[PDB]
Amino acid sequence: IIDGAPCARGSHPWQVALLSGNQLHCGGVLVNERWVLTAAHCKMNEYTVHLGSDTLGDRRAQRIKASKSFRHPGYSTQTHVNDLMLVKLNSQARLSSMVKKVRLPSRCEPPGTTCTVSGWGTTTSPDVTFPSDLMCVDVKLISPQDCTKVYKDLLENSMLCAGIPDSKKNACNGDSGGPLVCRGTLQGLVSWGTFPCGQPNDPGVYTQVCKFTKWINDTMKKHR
């Protein structure tokens, strides 16, 4: 996260982290006891999921491994459209005060709506610096008509944009799969932007979740 700050402890009980052994790879959210949602470009042969703590390595966090993952069939390794993926935990996550399910959308929020995105991604760029505590930052959703003026062809109806004018507030390396929540429900998952990160007027592109809740619901059942 760039130009943000440490999130208030315990405010993101549905936020998780995908690790390769002990090194941060991406982020994600907990759908339910045995399902994690995240980015499709964060695919791995095996994951070590971190849950129940804003501090990586916390002795009180839950560490669960996952071997199976399901990508949206329409995803593209070239354009990154439909960039979402479901991860199945080898064992059920124990829900507690620090571990809860995210509130999926039932409607799409319009432009202007303020949101918040979090992650353990690098807080600098091009230079690298990975924090141990979860970072937060506020951004506003941008209209498809405005975002196109910036990315043009690089945008499909399933992509959502957010950010603040002339501001570096944004996501970066290691934040993919992280949640963008607005008005209570998950509105998106970090996907892509420009590099170096935090370039002024270069919006962050997310996976608009208000259009994949049916796919998320059917997929879980299918492999339940």
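The term rigid core refers to the most C-alpha atoms you can superpose between the two forms while keeping them within 1.5 Å. Numbering starts at 1 and runs along the sequence shown.
Annotation: of the segments 141-149 and 127-135, 141-149 departs further from this form in 9 other deposited structures of this protein (C-alpha atoms, root mean square over structures and residues, core superposition). Larger root-mean-square CA separation from the shown form, computed after a rigid core fit of the structures in 9 other deposited structures of this protein, is seen for 54-62 when 54-62 is set against 185-193. As the entry records it, the average C-alpha temperature factor is higher for 143-151, out of 143-151 and 103-111. On average the C-alpha atoms of 196-204 have higher B-factors than those of the other stretch, with 9-17 and 196-204 being the two compared. In the PDB entry, the Cα temperature factor peaks, among 123, 132, 96, 79, at 96. Taking the PDB entry at face value, the top CA B factor among 40, 171, 64, 180 belongs to 64. In the PDB entry, a CA B factor belonging to the middle third of its chain's modelled residues is recorded for residue 56. Ranked by Cα temperature factor within the chain, residue 210 sits in the middle third according to the deposited record. Per-chain ranking of the deposited C-alpha B factor places residue 160 in the middle third. Looking at the C-alpha B-factors along this chain, the one for residue 45 belongs to the highest third. Annotation for residue 92: CA B-factor lies in the highest third of the chain's modelled residues.
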